[PDB]
Structures are given as C-alpha cells and as structure tokens.
Amino acid sequence: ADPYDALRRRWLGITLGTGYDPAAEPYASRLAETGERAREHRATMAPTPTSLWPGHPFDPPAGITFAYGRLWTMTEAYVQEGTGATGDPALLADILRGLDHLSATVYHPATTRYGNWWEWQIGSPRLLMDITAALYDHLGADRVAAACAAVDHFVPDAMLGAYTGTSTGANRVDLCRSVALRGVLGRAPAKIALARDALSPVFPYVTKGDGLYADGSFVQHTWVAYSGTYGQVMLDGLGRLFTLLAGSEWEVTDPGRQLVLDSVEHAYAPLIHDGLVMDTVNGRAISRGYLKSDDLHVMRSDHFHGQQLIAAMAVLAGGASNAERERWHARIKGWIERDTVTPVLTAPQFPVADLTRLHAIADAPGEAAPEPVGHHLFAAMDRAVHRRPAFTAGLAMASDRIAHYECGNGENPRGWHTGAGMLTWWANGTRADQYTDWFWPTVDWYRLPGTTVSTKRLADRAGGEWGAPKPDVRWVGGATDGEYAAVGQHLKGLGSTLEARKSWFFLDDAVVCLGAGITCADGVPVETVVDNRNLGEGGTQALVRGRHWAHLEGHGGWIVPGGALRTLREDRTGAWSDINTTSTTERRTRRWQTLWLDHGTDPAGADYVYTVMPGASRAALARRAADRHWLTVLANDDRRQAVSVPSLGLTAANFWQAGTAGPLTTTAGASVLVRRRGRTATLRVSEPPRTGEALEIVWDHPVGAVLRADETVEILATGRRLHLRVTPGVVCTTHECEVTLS
Ligand SMILES: CC(=O)N[C@@H]1[C@@H](O[C@@H]2OC(C(=O)O)=C[C@H](O)[C@H]2O)[C@@H](OS(=O)(=O)O)[C@@H](CO)O[C@H]1O
Ligand SMILES: [Mg+2]
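Sequential numbering from 24 applies to the sequence shown in the authors' numbering.
In structure tokens:
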C-alpha cells in the first residue's frame, strides 16, 4: 500500500507545494484569492444534463475541462491553509457533488468522444487525477475507481503505444501524466510502468517531425516551430514526472533523460529574453491574450509564456546535477531580475507551489547571470536568435519543413506572414514589452516587421490549419560561428505568387538585410516592411529622418534610402477576439510606427538593402549611414547575396546556386562565413538546401596551413587560395575549417 501512498504524497508536494509559510507574502494573498474564487464557484455551480456551470455546456468538450478546472480551484481552497475555506465540509460536499455530476452526465465510459480530443485525453483527465489525488481519503473507493475507469476509457493503453499522431512530444508527456497518476491512485503498477516506459521515445533527438533536434530546435504538429508553448508543456510534464517517480520502483532510468536536461540551456534558454519566450516559437498561442475561460484573467503573452517555461525549468532543476542546477538557477535569477514587464516572483498565474520553487531560486546564493552575447541558429525549425550588448533579435522563416504559421481551434486566423522573414527585436536594457503590450490584437497583419509580402488580401485561415501551409522551397537556413551569422530564406508567399530571396547578416550592432529576385504576378503592390513598431498607447516617441536613415526614439533605427522609405504613424484599435474565437472582446488602442519599401505592382526581380540598428542612438545611426566604408554589398541578386564587413574581418555570402561573390566561390547552394582574426581565419559553411551532396568552396586569400578542419571538410589546396570540399549532411550543420594566413 505504502509505495502508492508515498507516490501520491510526493505528487501533492509537487502540485500543492511544500516548506513555505502560508502567512507570508505572496503565498498569503494567492491562497486568499483562491479561497475567494472557490467561494464564488461554489455559489454558482448549477448541475444540468448538459453543463455544470452556466454558459459552459459539455459540448464543446472544453466545457467539461472548464468544470474540472473550477473543481480543482475548489479542491485547492479545501486542502490548502490560508484560503478561508480549509477543511470546510460544505465546500467538500459541493466538490463531491460536481464530481459525481460530471461522472454521471459526461465523463464516463458510455460517452463516445466528440469534439477536440485534447479536452478528453489531456485537459479533463489531468485535472480529475489531481482532484482525486488531493481528496483521496474523502472520496471513497467507488469514486476513485470510477475516476480510474474514465481515464482507462478515454486514455487507453494503446494511446501510449505507437509514437505517432496525437501521441508525440508534449502530447505524449501529457498522456503519461494521467496514466501515471491513474496507476498511482488505482494501485495499478502496470499503468505506472506503462507511463514511465512511454516517456522513452520523447528523449532522442529527431531529424524530422515532432521533438527536440540536435541543433536545439523544437517542433510540434510536425511542421511548427514550437519551443515556447508545446516545448514548455513537454518540459513541465517531464520535470513533474521525473520528480514524481524518482526513488520509486518506476523511476525514469532511460539515459536519454539527460538529453532533456541538456535541452534547458541548448534549446530553451536562448529563446528567453528578460523573462519572455519569443513569439516566433509560440505558434498560434500569440493570439490568446485574455481568454474567455480564464477565471484568473491573466493576459497570455510572450512574458506569460516565458514565465511558464521558467517555472518548468525550476521543477526540472530539482532532479538535475549540482553543476546544471547551479547554471539554471543563475539564469533564472537573471530573468527574475530583468523581467520588469511581469515580475516573475508575483506572477498572477502561479499557484503557491511554483511561487515556492521560484522564491527558493531567488533567495539562494549565487549571482544572477546575463544572457550570453552570441548567436543561435535553430536551423531545424527555421529560427535564429541573436544577442549583442545593444539588442536581442528573433527571426522567423518558413520552408518545406516548417509551416508559414499555424491556425486552429479558432486561433491565429491572420498569422499568414509570421514566417515571411519576420524579424522581431528588443533594445537591451529597456522594458521588454514590445510584443507584449497589445501588439498582436492591434497590428496590421499585412505589415509584420522584416517581411516581404504581397499586399493581396487573404482569407482568415488561408493555406489551412495545424501547419498545413508550407512554402515549396528547400534553401532556408544559414551559417554561424556562434557569434555572427549569414541567414537566408527562399521565400514563397502565402496565398500568393510572390517569390523572393531574403538574407540577414547578424553583426556586432546591426542586422544587414538584403532582398533580391522579388517577383510577383498578383496584380497588386508588393512591400518589404523595414519595420513596424508598437509605440504603446498614445506614444510620442520621435521619429527623426535623414537623407539615408530613420531613427525611432527609445527603439533604434534603420539605414535605408530616405526617399524610397514610406512611413506611417497611426492609432489602431483591436481586441483579442479579433484574432481568437476564445478570447475576450475588450478593445484597446495602440499607436504604431510603420516603415516600408514599396516594390510596385507585379515586380520582376526587385530588390532592397537596409540595415537595422536596434538599440542605437540617432547619432550612431547618422554616422553609420554616411560611412561608405563599413559595409560593402558584394552581390545582391537571386543567385547570391553577400557582404563584406572589414571592421569584423568578415565576409558572408548566401549562394542561392553555384557561383562566386567577392573572394568566395561555391559549386552548389551554400551559406559561407569567413572571419579573419590577425594571422588566422576560420571559414564556416553550411548547405541549407540539405541535398547532402558534396560541394567545394574556394576562398581567394593566400593561406599557409590548416590548423584544423571538421571531419566533413577535405582540404584540396592551400597556397594562393583555400580550396575545400565538404560533405555537408542534411540538417544544415555549419562545418568549420581554421587556417593560417599568408
Ligand atoms: C500548447 C498549447 O497550445 N496547448 C493547447 C492548450 O493550452 C495549454 O493549456 C495548458 C493547460 O495546462 O491546460 C498549458 C499551456 O500553457 C497552454 O499553452 C489549450 O488551449 S487554450 O485553451 O489555452 O487556448 C488547450 C485547451 O483547449 O488546447 C491545446 O492544444
Ligand atoms: Mg566595417
């Protein structure tokens, strides 16, 4: 009996929290508030054949999970000290009433599942198990048995068989969560072992489909870049389950578990900036904001999502090694310090158990870590992240592997161009609320920052749901040394005949943006969005313009032909319900500064060059624009885009096909980055088309000897020039070669 009772107790410690004083803030106010929500939920519960709370019918099935969510708040009120309702028998009776009503009317084995599978197999059962676990002694054997039987009906063993469909990645972990608890609570050792075993296929790095990739990428729904939401769900359930089972007969022993720990710093941390997790990896969730069904009324946003991912790291850290835990805690202290948008330590979505874990990290000894300066190219999910002292940026692309966007369940119907070379960024050391402050419900979805698009009007959900629309292109990726990068996207526009070559060269204080082969036949204008910045409500940040630059006060600026540049400052009013059928309808106004180049109607091989300098002063921008020397554009056409930046000793080129640009030649499409440092140089090359066919590179610079080369890099000649052959692989890995110069 005791191994099950011990697991149940350990689950309650994880779920309800441990070793805090309920009288201390902020526990005291969160518990009081839970009491209050419980009291009102109790007062309004109204069992009917089709609902348990008015306005929340069992069809759609969200209305069932909705009901379990409220019974869970009631349960919390009942079992936690400090709530004003702890151990109140009348609260207890109403919980039991609601459970019995759900068990009688909807959540039971005579129901043939309808509507969203997720509500039945993930949303409701995890809550039902949690409630059952918290109230175990008061429930009696028939209720415990009937709760286990319902789980068995909606989540049978076969749901934890084939690693496919609705059972991969975050979904796999969520299914295991309910099956494990049903095993604990129903004293069914085989269900516990099943849930532990079924975690194994989540661990290994994949090269296609759902999961974690060796370059740190994370994919869910087969084609969607998703580290921020699904990746967090996976990380959260894994940490919960590792901690649950540790020390028991069903402890997770798969050594692949280490890959999940590794992913903290390698997959997730780079996407977190001052507490937010970047909207480029948040998929359809960027459209949620205030949800109609959320009794807490907490705005979803990049900051909400990052806070949830920080909380998952805090649970996971409990089972990490000392050295890992020490690094995670230091990064988390850093995020807690720098998040002035939504203070982590009092974040209103957090129950006391997360509050306690984060306060433990806060009070612990050690210094807060900064985000390391560097570049992270998440090539498997067509994402790049760049950090410099002056700014942080996240780029979103799309390819034959990665959808333009996801819409589904009423969410994100206008996200078409979020993958069309969207460049998002924050000025470092300023408030990081750019995309948080009612950005998505007010933005013009036809003018997303960095993108090139047809202005052709599109239908809500155009291209299809769940990541269905992908451009028919291969060359999307880049090459990086870990600090700077060349990134390129062969663009085909969504719902449009637009085609373009877009490149970005991520440097020490700027991103150089090249566009070429811009060709469309839609019969309407084509635009490249130099930027589009949310100014906040009533913003009065000055826009200053010069001959070849523009600067936005508080934000940064752009070097761009001043006569070609179009601008517009305007107020835009919108609501989350405009972009999500499940969100509130309250409307707010945000002022916008938008900047764009008009490529005319039906362009044929149109182009652009512009440089963004996030975080830069007006004067730094005026200097860089008047300086002819700092940057040479080697080539900007549909066969190759390439720059030379002598202050960095840097040459960078995206070769859309075999060709030459400045001192670089390639025999096949490739991305190449050369960096000279005194008497040595390192040459880096990737193959974004991912054919895996060998190609050669020549770099026209005298070279004495090779200090080192990856096993995939064969040296063909040195002397007057460097000549390499590279066997590139099919995941767009960057291969390197270091040489002595003559
Ligand atoms: C990852 C994701 O988008 N999942 C959808 C759910 O949202 C997650 O919900 C939960 C949870 O514990 O219920 C935790 C994650 O933070 C959320 O991102 C959810 O969608 S929604 O209602 O929040 O819009 C469900 C409910 O339908 O659908 C999932 O696909
Ligand atoms: Mg220079």
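A virtual CB, placed ideally from N, CA and C, is assigned to each residue, including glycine.
Taking 7 Å as the cut-off, one finds no heavy atom of ligand 1 near enough to the beta carbon of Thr303. Between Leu339 and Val287 a beta carbon distance of about 7 Å is seen, short of the 8 Å cut, so the two are scored as contacting. Listed in chain order, the alpha helix (DSSP H) runs fully inside the segment 253-321 are 253-268, 280-286, counting runs of at least 4 residues. Here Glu719 has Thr690, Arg748 as same chain residues with Cβ atoms under 6 Å from its own Cβ, once five neighbours each way along the sequence are excluded. Proximity of the beta carbon of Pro686 to ligand 2 is not indicated: no heavy atom of the ligand is located closer than 7 Å.
In the displayed model, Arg731 falls within a strand according to three-state DSSP. In its chain, beyond the 5 residues on either side, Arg454 have a beta carbon closer than 7 Å to the beta carbon of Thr363. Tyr631 is bridged by DSSP to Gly538. Under the DSSP assignment, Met152 falls in the alpha helix (DSSP H) whose first and last residues are 147-157. If you look at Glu737, you'll find it in the beta strand (DSSP E) that goes 736-740. Counted as a single uninterrupted DSSP element, the alpha helix (DSSP H) harbouring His124 occupies residues 112-128.
Three or more Cβ pairs closer than 8 Å define a contact, and the segment 516-534 meets that threshold against the segment 413-425. Of all C-beta pairs linking the segment 379-397 to the segment 218-233, fewer than three are shorter than 8 Å, placing the two stretches out of contact. Looking only at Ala693, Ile582, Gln664, the smallest Cα-Cα distance to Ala649 is reached by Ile582. Between the C-alpha atoms of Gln330 and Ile295 there is a straight-line separation of about 9 Å.
Looking at the backbone, the Cα of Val549 and that of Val178 are separated by about 49 Å.
For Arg570, there is no enclosing alpha helix (DSSP H), as DSSP marks it with neither H nor E. Around the beta carbon of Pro711, 16 or more other beta carbons lie within 10 angstroms, which makes this residue buried.
Rounded to the nearest whole angstrom, the CA to CA distance from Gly538 to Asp545 is 19 Å. A distance criterion of 7 Å places the beta-carbon of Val697 beyond contact range of ligand 2, judged by its closest non-hydrogen atom. At least one heavy atom of ligand 2 is found less than 7 Å from the C-beta of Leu654. Using a cutoff of 7 Å, the CB of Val632 does not count as near ligand 2, since none of the ligand's heavy atoms is closer than that. Taking all protein chains shown into account, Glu434 has 16 or more neighbouring C-beta atoms within 10 Å of its C-beta and is therefore buried. In this structure, the beta-carbon distance from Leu114 to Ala61 falls below 8 Å. Relative to ligand 1, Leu299 has its C-beta separated by 7 Å or more from all heavy atoms.
Taking non-hydrogen atoms of ligand 1 into account, the C-beta of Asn555 is found less than 7 Å away from none of them. The residue among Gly86, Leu151, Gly500, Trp619 with its C-alpha nearest the C-alpha of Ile118 is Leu151. In this structure, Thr155 is the residue among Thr155, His161, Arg307 with its C-alpha nearest to the C-alpha of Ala173. Counting along the chain, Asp28 sits inside no beta strand (DSSP E); it lies in the alpha helix (DSSP H) bounded by residues 25-39. If you draw a 10 Å sphere on the C-beta of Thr612, you find fewer than 16 other C-beta atoms in it, and that means exposed.
Exposed is the label assigned to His652, since fewer than 16 other Cβ atoms lie within 10 Å of its Cβ.
DSSP places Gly580 in the uninterrupted beta strand (DSSP E) bounded by 579-582. In the structure shown, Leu687 adopts extended strand secondary structure according to DSSP, grouped into three states. In this structure, the alpha-carbon of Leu183 lies about 10 Å from that of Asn194. By the 16-neighbour rule on beta-carbons within 10 angstroms, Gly561 is exposed. DSSP, read as helix, strand or coil, puts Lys356 in helix.
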